[PDB]
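Participant: Take 1 as the starting number for the sequence shown in this note's numbering and just add one per residue.
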Amino acid sequence: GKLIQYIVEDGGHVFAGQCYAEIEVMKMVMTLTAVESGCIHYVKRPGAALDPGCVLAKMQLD
């Protein structure tokens, strides 16, 4: 689906269970739950149809 907005910012450390983006799928909002903590580099400029597995972000495994 589309990338509405990014609820974090570029170069931002995150936590377990923390939303980092929000997208529109099936007409509905979606918690982009982060899965690993680290300094996200903002890869995906806003408003793009996305994929399961797309690189919205890369961090490092802290």
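Cβ atoms here follow ideal geometry from the backbone N, Cα and C, with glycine treated the same way.
On a Cα-Cα basis, can you pick out the residue from 30, 47, 25 and 59 that is closest to residue 39?
Facilitator: Selected option, being the one with the closest Cα: 59.
Participant: Taking residue 71 and residue 10 to be in contact with their CB atoms under 8 Å, please state how far apart those CB atoms are, rounded to whole angstroms.
Facilitator: There is simply no residue 71 to check, as the chain begins at 1 and stops at 62 in what is shown.
Participant: Nearest-angstrom Cα distance between residue 45 and residue 16?
Facilitator: In a straight line, the C-alpha of residue 45 is about 23 Å away from that of residue 16.
Participant: Roughly how many whole angstroms lie between the Cα atoms of residue 26 and residue 1?
Facilitator: About 8 Å.
Participant: What's the gap between the Cα of residue 18 and the Cα of residue 33?
Facilitator: Taking the straight line from one Cα to the other gives about 5 Å.
Participant: For residue 13, which residues of its own chain have a beta-carbon under 6 Å away from its beta-carbon, when the five flanking residues on both sides are left out?
Facilitator: 39, listed in sequence order.
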